[PDB]
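Visitor: Provided herewith is a single structure, encoded as C-alpha cells, for subsequent inquiry.
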Protein chains: 2
Amino acid sequence: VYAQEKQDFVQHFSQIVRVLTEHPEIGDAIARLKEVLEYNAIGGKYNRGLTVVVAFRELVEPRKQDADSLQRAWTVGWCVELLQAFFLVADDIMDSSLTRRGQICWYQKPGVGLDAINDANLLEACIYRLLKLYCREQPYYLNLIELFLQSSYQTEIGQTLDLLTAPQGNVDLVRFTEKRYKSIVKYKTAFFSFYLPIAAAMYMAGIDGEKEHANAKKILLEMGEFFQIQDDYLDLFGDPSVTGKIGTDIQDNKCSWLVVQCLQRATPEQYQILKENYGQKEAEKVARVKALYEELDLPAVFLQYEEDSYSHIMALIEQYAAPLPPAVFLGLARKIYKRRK
Amino acid sequence: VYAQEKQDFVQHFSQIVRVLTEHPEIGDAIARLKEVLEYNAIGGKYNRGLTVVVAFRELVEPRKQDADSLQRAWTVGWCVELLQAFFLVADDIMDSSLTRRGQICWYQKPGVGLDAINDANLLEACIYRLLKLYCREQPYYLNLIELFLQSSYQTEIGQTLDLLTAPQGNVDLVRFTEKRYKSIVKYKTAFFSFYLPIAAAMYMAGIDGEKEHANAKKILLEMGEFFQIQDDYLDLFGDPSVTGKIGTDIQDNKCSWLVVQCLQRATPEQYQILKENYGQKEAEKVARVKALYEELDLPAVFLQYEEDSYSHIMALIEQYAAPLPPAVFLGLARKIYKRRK
Ligand SMILES: O=P(O)(O)C(O)(Cc1cccnc1)P(=O)(O)O
Ligand SMILES: O=P(O)(O)C(O)(Cc1cccnc1)P(=O)(O)O
Ligand SMILES: C=C(C)CCOP(=O)(O)OP(=O)(O)O
Ligand SMILES: C=C(C)CCOP(=O)(O)OP(=O)(O)O
Ligand SMILES: [Mg+2]
Ligand SMILES: [Mg+2]
Ligand SMILES: [Mg+2]
Ligand SMILES: [Mg+2]
Ligand SMILES: [Mg+2]
Ligand SMILES: [Mg+2]
C-alpha cells in the first residue's frame with residue numbers, strides 16, 4: 001500500500017513547493033527556500049508522509065474522502081516530511097555527518113555551512129504555513145498545530161538526551177545503559193516518526209479521544225524504539241550506498257544500541273578495549289570497536305532482538321489496535337521490518 | 001514606565017523557569033534546559049517583554065487587570081524574550097560572534113559548541129509550552145500562536161536575506177543598496193522586535209481588528225528599521241563593555257547601514273579601498289574600513305538620520321496611533337531613542 005502510494009505522494013511535492021514559493025523584495029530568500037526544500041525534503045523513504053496518507057484512507061469513510069479532504073491529507077503528510085527535514089539538517093551538523101540520502105549533507109555543501117541552521121528553521125516554519133493555508137477552517141486545526149508543536153518539543157528533549165550522553169572528548173561508558181537508551185530513543189525518534197503521522201490522521205478523521213490516542217501511542221512508541229535500534233545497527237553494519245548516509249556513532253561517542261549490548265556481554269579485558277577506542281575520530285580506533293562487536297556476535301544478537309521485538313509489537317497491535325483497523329499499524333510495521341535502508 | 005517595571009518583570013523569570021523545569025528519565029535534559037534558559041534569556045534590556053507588559057496595562061481597563069490576567073501578560077512578555085533568545089543563540093553561531101550581553105556566546109562556551117543549535121530550538125519550543133500552560137482557555141489563544149509562528153517565519157526570511165547578501169569570501173558591494181537594506185531589516189528585525197510585542201498585547205486586550213493591526217504595523221515597522229540602523233551603528237562605533245557584544249559586520253561582509261551610506265558618498269578611489277578591505281577577517285583590513293567611515297563623516301551622518309527618522313516616526317504616531325493611546329508607541333520610541341546599549 002506504501003509502495004503503490006509513493007509516486008502519487010511525491011507527485012504532490014511540486015504543488016507544495018509552488019504554494020510555499022508564491023512581494024518582490026523577498027525574491028532571493030524565497031528562491032533559497034525552494035533550494036532548501038528540493039535538497040532536503042526529497043530522497044528518503046517518505047514513510048512518515050505516506051503513513052498520514054495511508055492511515056487517513058483507512059480511517060475515513062470513502063464517501064467522505066473528497067478531493068479537498070485528500071489534498072489536506074497529503075499536505076499534512078508533507079508537513080511530517082518537513083519536520084523530518086528540519087531535524088535531519090540540524091542533526092547532521094551536530095553529529096558532524098558527511099552524507100544523507102545518497103548526497104553530501106546540506107551544511108557540508110560549498111556556500112552553505114552554518115547558514116544551514118536558519119535553513120533548518122525555515123523548513124520547520126513551512127509546516128505551520130501549510131497548516132494555515134489548507135487546514136485553518138477545519139475543526140482539527142488547533143489539534144494538529146499542538147500535535148506538531150509537542151512532537152517538536154519531545155524530539156528536541158530527546159536530542160538533548162542524545163547529545164548529553166555523547167560528550168566529545170569524554171569517556172561516558174558508565175551512562176550507556178538500557179534504561180538511558182530507551183529514554184533517548186523514545187523522545188528523539190519514537191514520538192515524531194511513529195506516533196505523530198498516525199495521530200495526525202486520527203485527528204483529521206475526527207478520532208480525538210484521549211484513550212484511543214493513548215492505545216495507539218502504546219503500539220507506536222514500541223515500534224519507534226525498534227526503528228531506532230535498526231538505525232543504530234545500520235550506522236555501523238549497513239551499506240552507505242543503500243542507507244545513503246555514512247555512520248558516525250562510534251566516533252561521536254553515542255549511546256548506540258550496539259554499545260549498550262557490547263557493555264552487557266564484554267569481558268573486563270574487552271571493556272578496556274572499548275574504553276580506549278570508543279568516542280574518538282581515529283579510523284584505527286573505530287575499526288577496533290567494530291572488530292569487538294563482530295567478536296561478541298552483535299550482528300546475530302540484533303537478528304534475535306528484531307525477531308522477539310516484532311512479535312511483541314504484534315502482541316501490542318492485537319491488544320491496543322481496536323477500534324482502529326489493525327492494518328493501520330501492520331502496514332507501517334511490515335514497511336520497517338527487516339529494514340536495510 | 002519601562003525602568004519601573006524592569007525589576008518586577010525579571011522577578012517573574014524564576015516562576016517561568018520553575019513551570020518549564022517541573023518523568024525522571026528526562027531529568028538531565030530538563031536540567032540542561034534550565035542552564036540554556038538562565039544563560040540565554042537573561043542579561044538584555046528586556047525591551048520586547050516589557051513592551052508586552054506596559055502595552056497590556058495601557059490597553060486593558062484597570063478593573064479587568066486581575067492577577068491571572070497580569071500573569072498571562074508577563075508570561076507572553078517572557079515568550080517574546082524566549083523568541084529573542086532563540087534567534088540570538090543561532091545568529092551568534094552564523095555570524096561567528098564572540099560575546100553577547102557581556103558574556104561569551106553560548107556556542108563559544110566549552111562543552112557547548114554546535115549543540116547550541118538544539119538548545120536554540122528548545123528556547124523556541126518553550127514559547128508554545130507557556131502559551132498552552134497559561135493562555136489555552138483564552139479567546140486570543142490561536143491568534144497568539146499564529147502571531148508567534150508568523151513572526152518567526154518573517155524573521156527567518158529576513159535572516160535568509162541577511163545571509164544571502166553577505167557571502168563569505170565574495171565581494172557583494174553591488175547588492176549593498178538602500179532598497180535591499182530596507183527589505184533585510186524589515187523582515188529580520190522590525191516584525192518580531194516591534195510589531196510582535198504590541199500586536200500580542202493588542203490581541204490579549206481583545207483588539208483583533210485588521211485595520212488597527214495594520215495602523216500599528218505602519219508605525220512599528222518604521223521604528224524597527226530605525227532600531228536596526230542603530231544596531232548597525234553600534235556594531236562598529238559602540239563600546240563592547242556597554243553593548244555587551246563584539247562587532248563582526250565588516251568581517252562578515254554584511255549589508256550594514258554604514259556600508260550602504262559609505263557606498264553612496266565614496267569617491268571611485270574610496271570605493272576601491274572598501275572593495276579591497278571589506279568582508280575579510282584581517283584586523284588591518286577592518287581598521288582600514290573604519291578609517292574610511294570616519295573619513296566620510298559617517299558617525300555625524302548617523303546623528304542626522306537618527307534625528308530625521310525619529311521626527312518621521314513621531315509623525316506616523318500622530319497619523320496612525322488612534323484609537324490606541326499614543327503613549328503605547330511613545331514609551332517604546334523614547335526607550336530606543338539615542339540608544340548606546
Ligand atoms: O540519520 P541519523 O543521523 O542516523 C538519526 O537517526 C537522526 C535523527 C535525528 C533526530 C531525531 N532522531 C534521529 P541519529 O539519531 O543521529 O542516529
Ligand atoms: O545582535 P546582532 O548580532 O548585532 C543582530 O542584531 C541580531 C539579530 C538576530 C536576528 C534578527 N535580527 C537581528 P544582527 O542582525 O546579527 O546585527
Ligand atoms: C528518526 C530517524 C531514525 C532518522 C532517519 O529516518 P528515516 O530512516 O525514515 O530516513 P528517511 O527515509 O526520511 O530518509
Ligand atoms: C533584533 C536585534 C537588533 C538584536 C538585539 O536586540 P536588543 O538590542 O534588544 O538586545 P537585547 O536587549 O535583548 O539583549
Ligand atoms: Mg543525532
Ligand atoms: Mg545523526
Ligand atoms: Mg543513526
Ligand atoms: Mg545576524
Ligand atoms: Mg549577529
Ligand atoms: Mg548587529
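Just remember, in the C-alpha cells the first chain shown is A, the second B, etc., residues are 1-based per chain, and ligands are 1-based in the order shown.
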Could I get the residue neighbourhood of ligand 10 at 8 Å, counting only C-alpha atoms and all ligand atoms, as a ChimeraX atom specification?
Guide: /B:228,231-232,234-235,247-249
Visitor: Could you pull out the residues sitting within 7 Å of ligand 5, using only C-alpha atoms and all ligand atoms, and write them as a ChimeraX atom specification?
Guide: /A:91-92,94-95,159,162
Visitor: Extract, using only C-alpha atoms, all DNA, RNA and protein residues at most 12 Å from stretch 19-31 of chain B, discarding same-chain residues fewer than 4 positions from it, and format them as a PDB file with N, CA, C and O atoms, in the first residue's frame.
Guide:
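File part-v9.pdb, as written:
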ATOM      1  N   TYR A 153       8.924  19.532  20.463  1.00  0.00           N
ATOM      2  CA  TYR A 153       9.489  19.667  21.815  1.00  0.00           C
ATOM      3  C   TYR A 153      10.041  18.319  22.311  1.00  0.00           C
ATOM      4  O   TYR A 153      11.165  18.256  22.794  1.00  0.00           O
ATOM      5  N   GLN A 154       9.246  17.246  22.171  1.00  0.00           N
ATOM      6  CA  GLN A 154       9.634  15.903  22.583  1.00  0.00           C
ATOM      7  C   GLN A 154      10.922  15.449  21.877  1.00  0.00           C
ATOM      8  O   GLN A 154      11.806  14.893  22.536  1.00  0.00           O
ATOM      9  N   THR A 155      11.048  15.732  20.561  1.00  0.00           N
ATOM     10  CA  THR A 155      12.212  15.336  19.759  1.00  0.00           C
ATOM     11  C   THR A 155      13.443  16.102  20.233  1.00  0.00           C
ATOM     12  O   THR A 155      14.510  15.508  20.379  1.00  0.00           O
ATOM     13  N   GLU A 156      13.268  17.397  20.517  1.00  0.00           N
ATOM     14  CA  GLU A 156      14.322  18.294  20.972  1.00  0.00           C
ATOM     15  C   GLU A 156      14.839  17.891  22.356  1.00  0.00           C
ATOM     16  O   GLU A 156      16.049  17.922  22.574  1.00  0.00           O
ATOM     17  N   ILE A 157      13.947  17.419  23.244  1.00  0.00           N
ATOM     18  CA  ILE A 157      14.336  16.914  24.563  1.00  0.00           C
ATOM     19  C   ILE A 157      15.111  15.594  24.370  1.00  0.00           C
ATOM     20  O   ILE A 157      16.108  15.383  25.055  1.00  0.00           O
ATOM     21  N   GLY A 158      14.680  14.766  23.409  1.00  0.00           N
ATOM     22  CA  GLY A 158      15.368  13.536  23.055  1.00  0.00           C
ATOM     23  C   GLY A 158      16.747  13.831  22.499  1.00  0.00           C
ATOM     24  O   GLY A 158      17.727  13.207  22.909  1.00  0.00           O
ATOM     25  N   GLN A 159      16.837  14.831  21.598  1.00  0.00           N
ATOM     26  CA  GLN A 159      18.102  15.286  21.020  1.00  0.00           C
ATOM     27  C   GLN A 159      19.040  15.812  22.128  1.00  0.00           C
ATOM     28  O   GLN A 159      20.228  15.516  22.080  1.00  0.00           O
ATOM     29  N   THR A 160      18.495  16.503  23.162  1.00  0.00           N
ATOM     30  CA  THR A 160      19.279  16.981  24.305  1.00  0.00           C
ATOM     31  C   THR A 160      19.864  15.781  25.047  1.00  0.00           C
ATOM     32  O   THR A 160      21.045  15.802  25.370  1.00  0.00           O
ATOM     33  N   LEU A 161      19.053  14.723  25.264  1.00  0.00           N
ATOM     34  CA  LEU A 161      19.455  13.490  25.946  1.00  0.00           C
ATOM     35  C   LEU A 161      20.538  12.764  25.141  1.00  0.00           C
ATOM     36  O   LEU A 161      21.534  12.315  25.717  1.00  0.00           O
ATOM     37  N   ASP A 162      20.360  12.693  23.806  1.00  0.00           N
ATOM     38  CA  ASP A 162      21.325  12.086  22.882  1.00  0.00           C
ATOM     39  C   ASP A 162      22.690  12.823  22.990  1.00  0.00           C
ATOM     40  O   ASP A 162      23.740  12.183  23.134  1.00  0.00           O
ATOM     41  N   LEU A 163      22.669  14.160  22.957  1.00  0.00           N
ATOM     42  CA  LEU A 163      23.906  14.953  22.979  1.00  0.00           C
ATOM     43  C   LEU A 163      24.596  14.988  24.358  1.00  0.00           C
ATOM     44  O   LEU A 163      25.835  14.989  24.404  1.00  0.00           O
ATOM     45  N   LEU A 164      23.820  14.970  25.464  1.00  0.00           N
ATOM     46  CA  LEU A 164      24.366  14.966  26.831  1.00  0.00           C
ATOM     47  C   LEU A 164      25.074  13.643  27.192  1.00  0.00           C
ATOM     48  O   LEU A 164      25.997  13.638  28.010  1.00  0.00           O
ATOM     49  N   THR A 165      24.603  12.526  26.626  1.00  0.00           N
ATOM     50  CA  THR A 165      25.150  11.190  26.884  1.00  0.00           C
ATOM     51  C   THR A 165      26.351  10.944  25.963  1.00  0.00           C
ATOM     52  O   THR A 165      27.133  10.014  26.182  1.00  0.00           O
ATOM     53  N   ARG A 175      27.267   5.698  31.592  1.00  0.00           N
ATOM     54  CA  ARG A 175      25.911   6.134  31.269  1.00  0.00           C
ATOM     55  C   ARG A 175      25.277   5.377  30.076  1.00  0.00           C
ATOM     56  O   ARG A 175      24.094   5.594  29.804  1.00  0.00           O
ATOM     57  N   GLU A 178      20.703   0.388  29.349  1.00  0.00           N
ATOM     58  CA  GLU A 178      19.463   0.071  28.630  1.00  0.00           C
ATOM     59  C   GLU A 178      18.363   1.085  28.998  1.00  0.00           C
ATOM     60  O   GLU A 178      17.615   1.509  28.118  1.00  0.00           O
ATOM     61  N   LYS A 179      18.296   1.492  30.284  1.00  0.00           N
ATOM     62  CA  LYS A 179      17.312   2.452  30.798  1.00  0.00           C
ATOM     63  C   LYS A 179      17.507   3.839  30.164  1.00  0.00           C
ATOM     64  O   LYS A 179      16.524   4.488  29.809  1.00  0.00           O
ATOM     65  N   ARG A 180      18.768   4.292  30.034  1.00  0.00           N
ATOM     66  CA  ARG A 180      19.087   5.583  29.430  1.00  0.00           C
ATOM     67  C   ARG A 180      18.798   5.508  27.922  1.00  0.00           C
ATOM     68  O   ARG A 180      18.176   6.425  27.385  1.00  0.00           O
ATOM     69  N   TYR A 181      19.196   4.403  27.263  1.00  0.00           N
ATOM     70  CA  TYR A 181      18.951   4.181  25.835  1.00  0.00           C
ATOM     71  C   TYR A 181      17.476   4.309  25.486  1.00  0.00           C
ATOM     72  O   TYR A 181      17.147   4.981  24.507  1.00  0.00           O
ATOM     73  N   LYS A 182      16.595   3.614  26.238  1.00  0.00           N
ATOM     74  CA  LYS A 182      15.134   3.602  25.999  1.00  0.00           C
ATOM     75  C   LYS A 182      14.543   5.018  26.076  1.00  0.00           C
ATOM     76  O   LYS A 182      13.706   5.365  25.250  1.00  0.00           O
ATOM     77  N   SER A 183      15.014   5.838  27.035  1.00  0.00           N
ATOM     78  CA  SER A 183      14.563   7.225  27.229  1.00  0.00           C
ATOM     79  C   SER A 183      14.990   8.146  26.069  1.00  0.00           C
ATOM     80  O   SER A 183      14.193   8.991  25.661  1.00  0.00           O
ATOM     81  N   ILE A 184      16.247   8.005  25.558  1.00  0.00           N
ATOM     82  CA  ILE A 184      16.757   8.834  24.449  1.00  0.00           C
ATOM     83  C   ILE A 184      15.881   8.600  23.220  1.00  0.00           C
ATOM     84  O   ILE A 184      15.292   9.520  22.666  1.00  0.00           O
ATOM     85  N   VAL A 185      15.814   7.346  22.819  1.00  0.00           N
ATOM     86  CA  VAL A 185      15.163   6.835  21.632  1.00  0.00           C
ATOM     87  C   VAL A 185      13.654   7.127  21.649  1.00  0.00           C
ATOM     88  O   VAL A 185      13.132   7.539  20.609  1.00  0.00           O
ATOM     89  N   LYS A 186      12.990   7.027  22.826  1.00  0.00           N
ATOM     90  CA  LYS A 186      11.544   7.318  22.958  1.00  0.00           C
ATOM     91  C   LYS A 186      11.271   8.783  22.595  1.00  0.00           C
ATOM     92  O   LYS A 186      10.363   9.072  21.831  1.00  0.00           O
ATOM     93  N   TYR A 187      12.091   9.686  23.113  1.00  0.00           N
ATOM     94  CA  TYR A 187      11.910  11.106  22.862  1.00  0.00           C
ATOM     95  C   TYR A 187      12.487  11.554  21.514  1.00  0.00           C
ATOM     96  O   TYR A 187      11.791  12.264  20.795  1.00  0.00           O
ATOM     97  N   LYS A 188      13.726  11.142  21.153  1.00  0.00           N
ATOM     98  CA  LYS A 188      14.344  11.644  19.919  1.00  0.00           C
ATOM     99  C   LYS A 188      13.714  11.087  18.633  1.00  0.00           C
ATOM    100  O   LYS A 188      13.752  11.791  17.627  1.00  0.00           O
TER     101      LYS A 188
ATOM    102  N   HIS B  12       9.745  37.662  37.768  1.00  0.00           N
ATOM    103  CA  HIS B  12       8.848  36.611  37.287  1.00  0.00           C
ATOM    104  C   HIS B  12       9.573  35.493  36.529  1.00  0.00           C
ATOM    105  O   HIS B  12       8.964  34.450  36.313  1.00  0.00           O
ATOM    106  N   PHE B  13      10.860  35.682  36.169  1.00  0.00           N
ATOM    107  CA  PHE B  13      11.641  34.681  35.439  1.00  0.00           C
ATOM    108  C   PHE B  13      11.781  33.377  36.223  1.00  0.00           C
ATOM    109  O   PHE B  13      11.727  32.309  35.624  1.00  0.00           O
ATOM    110  N   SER B  14      11.946  33.471  37.556  1.00  0.00           N
ATOM    111  CA  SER B  14      12.076  32.332  38.469  1.00  0.00           C
ATOM    112  C   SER B  14      10.894  31.349  38.306  1.00  0.00           C
ATOM    113  O   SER B  14      11.110  30.131  38.265  1.00  0.00           O
ATOM    114  N   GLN B  15       9.659  31.902  38.194  1.00  0.00           N
ATOM    115  CA  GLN B  15       8.419  31.148  38.012  1.00  0.00           C
ATOM    116  C   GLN B  15       8.408  30.500  36.622  1.00  0.00           C
ATOM    117  O   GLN B  15       8.028  29.330  36.482  1.00  0.00           O
ATOM    118  N   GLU B  35      19.741  25.435  32.336  1.00  0.00           N
ATOM    119  CA  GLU B  35      21.037  26.055  32.037  1.00  0.00           C
ATOM    120  C   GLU B  35      20.946  26.948  30.786  1.00  0.00           C
ATOM    121  O   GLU B  35      21.439  28.063  30.809  1.00  0.00           O
ATOM    122  N   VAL B  36      20.248  26.489  29.738  1.00  0.00           N
ATOM    123  CA  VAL B  36      20.029  27.221  28.474  1.00  0.00           C
ATOM    124  C   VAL B  36      19.191  28.502  28.753  1.00  0.00           C
ATOM    125  O   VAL B  36      19.570  29.589  28.308  1.00  0.00           O
ATOM    126  N   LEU B  37      18.075  28.360  29.492  1.00  0.00           N
ATOM    127  CA  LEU B  37      17.179  29.452  29.870  1.00  0.00           C
ATOM    128  C   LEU B  37      17.896  30.520  30.694  1.00  0.00           C
ATOM    129  O   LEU B  37      17.786  31.709  30.370  1.00  0.00           O
ATOM    130  N   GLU B  38      18.631  30.113  31.743  1.00  0.00           N
ATOM    131  CA  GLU B  38      19.355  31.046  32.612  1.00  0.00           C
ATOM    132  C   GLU B  38      20.457  31.796  31.857  1.00  0.00           C
ATOM    133  O   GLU B  38      20.604  32.999  32.049  1.00  0.00           O
ATOM    134  N   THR B  75       3.830  36.558  31.135  1.00  0.00           N
ATOM    135  CA  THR B  75       4.212  35.252  30.585  1.00  0.00           C
ATOM    136  C   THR B  75       4.417  35.445  29.083  1.00  0.00           C
ATOM    137  O   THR B  75       5.436  35.010  28.557  1.00  0.00           O
ATOM    138  N   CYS B  79       7.600  35.117  26.636  1.00  0.00           N
ATOM    139  CA  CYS B  79       7.566  34.340  25.384  1.00  0.00           C
ATOM    140  C   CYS B  79       8.291  35.108  24.288  1.00  0.00           C
ATOM    141  O   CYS B  79       9.023  34.499  23.508  1.00  0.00           O
ATOM    142  N   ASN B 118      20.473  22.828  18.923  1.00  0.00           N
ATOM    143  CA  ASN B 118      19.285  22.174  19.506  1.00  0.00           C
ATOM    144  C   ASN B 118      18.774  22.991  20.708  1.00  0.00           C
ATOM    145  O   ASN B 118      17.577  23.091  20.907  1.00  0.00           O
ATOM    146  N   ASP B 119      19.691  23.582  21.493  1.00  0.00           N
ATOM    147  CA  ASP B 119      19.363  24.447  22.629  1.00  0.00           C
ATOM    148  C   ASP B 119      18.519  25.613  22.163  1.00  0.00           C
ATOM    149  O   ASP B 119      17.539  25.962  22.827  1.00  0.00           O
ATOM    150  N   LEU B 122      15.014  24.461  21.478  1.00  0.00           N
ATOM    151  CA  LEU B 122      14.372  24.259  22.781  1.00  0.00           C
ATOM    152  C   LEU B 122      13.783  25.576  23.316  1.00  0.00           C
ATOM    153  O   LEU B 122      12.706  25.548  23.901  1.00  0.00           O
ATOM    154  N   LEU B 123      14.502  26.709  23.142  1.00  0.00           N
ATOM    155  CA  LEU B 123      14.049  28.035  23.576  1.00  0.00           C
ATOM    156  C   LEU B 123      12.772  28.415  22.834  1.00  0.00           C
ATOM    157  O   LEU B 123      11.813  28.885  23.448  1.00  0.00           O
ATOM    158  N   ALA B 125      10.714  26.157  21.448  1.00  0.00           N
ATOM    159  CA  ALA B 125       9.686  25.212  21.929  1.00  0.00           C
ATOM    160  C   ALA B 125       9.028  25.677  23.238  1.00  0.00           C
ATOM    161  O   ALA B 125       7.834  25.448  23.416  1.00  0.00           O
ATOM    162  N   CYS B 126       9.786  26.342  24.139  1.00  0.00           N
ATOM    163  CA  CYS B 126       9.262  26.818  25.425  1.00  0.00           C
ATOM    164  C   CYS B 126       8.184  27.880  25.264  1.00  0.00           C
ATOM    165  O   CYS B 126       7.338  27.985  26.149  1.00  0.00           O
ATOM    166  N   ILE B 127       8.190  28.647  24.152  1.00  0.00           N
ATOM    167  CA  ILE B 127       7.164  29.668  23.872  1.00  0.00           C
ATOM    168  C   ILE B 127       5.768  29.031  23.830  1.00  0.00           C
ATOM    169  O   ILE B 127       4.838  29.504  24.485  1.00  0.00           O
ATOM    170  N   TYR B 128       5.636  27.949  23.052  1.00  0.00           N
ATOM    171  CA  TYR B 128       4.347  27.293  22.816  1.00  0.00           C
ATOM    172  C   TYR B 128       3.892  26.492  24.036  1.00  0.00           C
ATOM    173  O   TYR B 128       2.680  26.318  24.229  1.00  0.00           O
ATOM    174  N   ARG B 129       4.854  26.032  24.861  1.00  0.00           N
ATOM    175  CA  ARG B 129       4.605  25.342  26.128  1.00  0.00           C
ATOM    176  C   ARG B 129       3.955  26.315  27.102  1.00  0.00           C
ATOM    177  O   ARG B 129       2.980  25.960  27.760  1.00  0.00           O
ATOM    178  N   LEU B 130       4.501  27.553  27.188  1.00  0.00           N
ATOM    179  CA  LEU B 130       3.977  28.604  28.077  1.00  0.00           C
ATOM    180  C   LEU B 130       2.634  29.118  27.587  1.00  0.00           C
ATOM    181  O   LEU B 130       1.758  29.326  28.414  1.00  0.00           O
ATOM    182  N   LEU B 131       2.445  29.267  26.254  1.00  0.00           N
ATOM    183  CA  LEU B 131       1.163  29.698  25.692  1.00  0.00           C
ATOM    184  C   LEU B 131       0.065  28.666  26.013  1.00  0.00           C
ATOM    185  O   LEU B 131      -1.037  29.059  26.380  1.00  0.00           O
ATOM    186  N   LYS B 132       0.392  27.364  25.960  1.00  0.00           N
ATOM    187  CA  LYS B 132      -0.555  26.293  26.281  1.00  0.00           C
ATOM    188  C   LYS B 132      -0.872  26.276  27.792  1.00  0.00           C
ATOM    189  O   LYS B 132      -2.030  26.110  28.178  1.00  0.00           O
ATOM    190  N   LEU B 133       0.160  26.441  28.633  1.00  0.00           N
ATOM    191  CA  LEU B 133       0.017  26.384  30.084  1.00  0.00           C
ATOM    192  C   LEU B 133      -0.835  27.523  30.657  1.00  0.00           C
ATOM    193  O   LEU B 133      -1.648  27.270  31.547  1.00  0.00           O
ATOM    194  N   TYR B 134      -0.686  28.748  30.125  1.00  0.00           N
ATOM    195  CA  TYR B 134      -1.366  29.928  30.659  1.00  0.00           C
ATOM    196  C   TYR B 134      -2.459  30.535  29.797  1.00  0.00           C
ATOM    197  O   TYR B 134      -3.301  31.233  30.357  1.00  0.00           O
TER     198      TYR B 134
END
Visitor: Compile the contact shell of stretch 55-70 of chain A as a PyMOL selection string: residues with an atom at most 12 Å away, counting only C-alpha atoms, same-chain residues fewer than 4 positions apart removed.
Guide: chain A and resi 1-2+5+8-9+12+47-51+74-77+134-135+138+194-207+323-332
Visitor: One decimal, in Å: what's the spacing between atom CA of residue B:252 and atom CA of residue B:266?
Guide: 20.5 Å
Visitor: Please measure the separation of atom CA of residue B:104 and atom CA of residue B:233, giving the value in Å to one decimal.
Guide: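 Between these atoms lies a distance of 21.3 Å.
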Visitor: If you count only C-alpha atoms and all ligand atoms, which residues end up within 7 Å of ligand 4, as a list in words?
Guide: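 Result of the 7 Å neighbour search around ligand 4: residues 43, 44, 45, 46, 47, 84, 101, 189, 193, 227, 228, 231 and 341 of chain B.
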Visitor: Using DSSP assignments from the backbone, pull out every residue in stretch 93-335 of chain A that falls under helix (DSSP H, G or I) and give it to me as a PyMOL selection string.
Guide: chain A and resi 93-94+106-108+113-135+141-165+178-204+210-237+240-243+257-265+268-277+283-295+298-320+327-335
Visitor: Within 12 Å of residue A:39, counting only C-alpha atoms, which residues show up once you throw out same-chain ones fewer than 5 positions away? Write them as a PyMOL selection string, please.
Guide: chain A and resi 17+32-34+44+82+85-86+88-89+100-107+109+112+116+119-120+123
Visitor: Write the residues of the selection above to a file with C-alpha atoms, as a short mmCIF file (atom, residue, chain, number, x, y, z; two decimals), in the first residue's frame.
Guide:
data_model
loop_
_atom_site.label_atom_id
_atom_site.label_comp_id
_atom_site.auth_asym_id
_atom_site.auth_seq_id
_atom_site.Cartn_x
_atom_site.Cartn_y
_atom_site.Cartn_z
CA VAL A 17 6.88 23.97 -3.44
CA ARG A 32 16.77 29.93 -1.39
CA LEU A 33 13.73 28.32 0.38
CA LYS A 34 12.94 26.40 -2.86
CA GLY A 44 14.12 9.48 1.69
CA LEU A 82 9.29 18.82 6.51
CA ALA A 85 13.88 17.58 7.03
CA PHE A 86 14.24 20.21 9.82
CA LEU A 88 17.92 15.97 9.84
CA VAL A 89 19.55 19.21 8.55
CA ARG A 100 22.41 11.99 3.89
CA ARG A 101 20.04 10.16 1.46
CA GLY A 102 22.85 9.48 -1.11
CA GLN A 103 24.22 13.05 -1.33
CA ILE A 104 26.54 15.29 0.79
CA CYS A 105 24.80 16.82 3.89
CA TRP A 106 23.32 20.27 3.08
CA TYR A 107 25.67 22.01 5.65
CA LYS A 109 27.75 21.87 0.62
CA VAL A 112 26.05 26.69 2.78
CA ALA A 116 22.03 25.55 7.23
CA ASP A 119 17.51 26.88 6.52
CA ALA A 120 16.52 24.12 9.00
CA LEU A 123 11.72 24.01 6.96
#
Visitor: Residues of stretch 11-225 of chain B classed as strand (DSSP E) by DSSP on the backbone are to be reported as a list in words.
Guide: residues 99, 100, 103 and 104 of chain B
